[PDB]
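This document starts with one chain, in the form deposited in one PDB entry, laid out as structure tokens.
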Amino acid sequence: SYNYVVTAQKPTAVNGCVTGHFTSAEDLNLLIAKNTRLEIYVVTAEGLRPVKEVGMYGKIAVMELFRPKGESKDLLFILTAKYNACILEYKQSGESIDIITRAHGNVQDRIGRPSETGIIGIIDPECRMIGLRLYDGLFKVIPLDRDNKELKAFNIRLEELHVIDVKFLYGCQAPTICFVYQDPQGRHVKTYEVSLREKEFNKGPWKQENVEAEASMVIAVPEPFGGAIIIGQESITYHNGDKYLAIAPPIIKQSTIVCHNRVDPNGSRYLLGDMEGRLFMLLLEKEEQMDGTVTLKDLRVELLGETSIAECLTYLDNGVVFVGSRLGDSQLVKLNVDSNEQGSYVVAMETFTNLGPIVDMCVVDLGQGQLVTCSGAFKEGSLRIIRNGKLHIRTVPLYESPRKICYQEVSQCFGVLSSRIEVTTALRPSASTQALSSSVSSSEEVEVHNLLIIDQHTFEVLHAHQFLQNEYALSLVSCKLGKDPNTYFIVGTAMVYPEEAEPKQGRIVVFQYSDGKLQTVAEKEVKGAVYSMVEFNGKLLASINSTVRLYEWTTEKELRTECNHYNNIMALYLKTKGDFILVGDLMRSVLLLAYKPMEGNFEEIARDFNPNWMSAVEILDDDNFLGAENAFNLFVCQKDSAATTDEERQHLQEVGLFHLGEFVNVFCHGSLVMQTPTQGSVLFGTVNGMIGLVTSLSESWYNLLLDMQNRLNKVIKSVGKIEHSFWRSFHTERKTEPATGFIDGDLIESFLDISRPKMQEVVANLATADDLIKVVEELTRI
């Protein structure tokens, strides 16, 4: 197959943030890592001034600033998810900004089990080394010197296999790590010294001490204090050897603290963000002893107020704090000495739009296509209306998690599945609790699921239906069925109990929203979770646990089973085209079914037998089936045209592979441009808020753009010196192959921005530059 993938909206979720002096010795810089993007801001009188935004050929997992001795300004260390390590330097020579790759390498190991808590990258305070926790039982040390241009690292065996979090401590004569680990005896905190010349671990300054069961975060405190602050679930502790200081404030019991940031350079004040979005300030009280040394007297936590749910926090300057969110919009907030009379010392200054996570979306015409996405989660959950302008985004906050969306044109309303958390009592007012009209279904923290009928124009919750206790709503469709002229809202549900592995119960509830009212038209009791539902030629195609069932709508306004298919593990996704059905499995990739109208049953055509942990499926055409899996890869499967035997004909062949670097949640047919080298248009929405487009090209077009990819890869310089072929290579923990049948549209589009001499070098002996500029412009206009 020949496919063209291009980013329409860059990822918006913030995965990392740091402050330092990177662009110059005087500039105060905020660096933000959004997956594959690195943004550099200068803190100024007017706020954050962006100076350079860069794209990397990798998923940024570590991003740390450090200043070696003799360096006039901070150097950056970046590690990617594909273990591409680079030491970068910001270089400015007058109106020209370059990110110089001081050092680059790949620090992956041939053998190694990736750690549960993920890649950890820490830097020694004296910049003697970079430590990487990549695999269980292996601590990778990269010595920092001017001669180690290749990042020639070495591994030290770590006895503690289950390490939770590790930092380098301050004020140690030798490089020292302090980490929290789990063993059969619980969770503990331990220290080691690293010897570069000996290439080994030595005993830490202070012996191990037992910590909380859910101790999850390590904070290395600067001098004068030294030591570390361990943060868990319901306690905060400080360990500096003989000095142990634990507190258990009730205020932190309600939510888990997920991020921290040091405010004062001496470590007397810290910011702590929790999962509910609450911002606390940890305070370390000083005690200057008469001996001349400074010790810690007490720990205090104060509720500063409420922010966006923080993935990361960073104090910039003058009481201003950047809050980088992946579940909601990021924000600059201001800390004030005096409260707002509401008891809150935090005042929001600026909001940065984040579309992540995009759990579902749809294309509507409210001849110009608009995307409506279910974005965010919990109090950050909202609807996002994206249209071409570049992209214009309108936010409709729901204050609860949206899960599914379907447009009902005849009713001029959207149907949205939503969930809220109650303790029952709701934790805050939300869309489901502030509906104009509300109803409840007839026949610790709990999830309450609702169907919201929301006005298309005002985006106000017209109605909210509360489903049964322990009932989760999974699938939603707006369609007409059979001979019934009414358009219905069909919801697939599942009763959830801890006693059950698979749901033994579930429901298909058919509602009608008419005259600004919601009534339950029909209720069907099924024996499992209704994962997916599609309107299939006037009939209702549903997936219930491991079965795909086609129902008919009778004249009595009830569903009657027409046919069943059982050859699935867990039919999560369903797409249809004509009489074809694409069944996405939990692990068994994609299956092609053909409904047979003359037999009234399903027929299996071909299954992709490569195990793929599917996250979203789509049908490109009758032959091509596009799928996304949880290792951030896209694949395209075809029916084997050269199949001569039946066994060959039972196989869907993976003819296209491509490492996207994004976790695709939803595929939809539609375009954001007004109604060309490419045919077709499929939008996809991902966890990080990135939105992409997949199109199809012919043989000649694909060949030309692949040759251009090769030429551009030869010409274009990569940040971190990562090869584009390596980055786009299909990659799981099991299998790695080069990308096939996929043109990286971003690479091709980048051709228009290179210098004309570089254009001539690229198109030399291909063909003038003007024709190919026209080609790339036509590609852009899709």
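Note that the rigid core is defined as the largest set of C-alphas that superpose within 1.5 Å between two forms. Position 1 is the first residue in the sequence shown; the rest follow in order.
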What about residue 494, left without coordinates in a third or more of the other entries of this protein that model its neighbours? no
Specify whether residue 475 falls into a modelling gap in a third or more of the other PDB entries of this protein. no
Can you count, per the entry, how many deposited residues between residue 173 and residue 174 come without coordinates? Answer none, 1 to 3, 4 to 9, or 10 or more. none
Residues without coordinates, deposited sequence, stretch from residue 501 to residue 502: is the count none, 1 to 3, 4 to 9, or 10 or more? none
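Beyond the structure shown, there is the form deposited in another entry, which is absent from this document and is the topic of what follows.
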With the core superposed, a Cα shift of 2 Å or more between this form and the one not shown singles out one residue among 619, 123, 544, 76. Which one is it? 544
Aligning on the rigid core, do we see the C-alpha of residue 526 shift 2 angstroms or more between this form and the one not shown? yes
Threshold 2 Å Cα movement between this form and the one not shown at residue 699, rigid core reference: no
Large Cα move at residue 590 between this form and the one not shown, threshold 2 Å, rigid core: yes
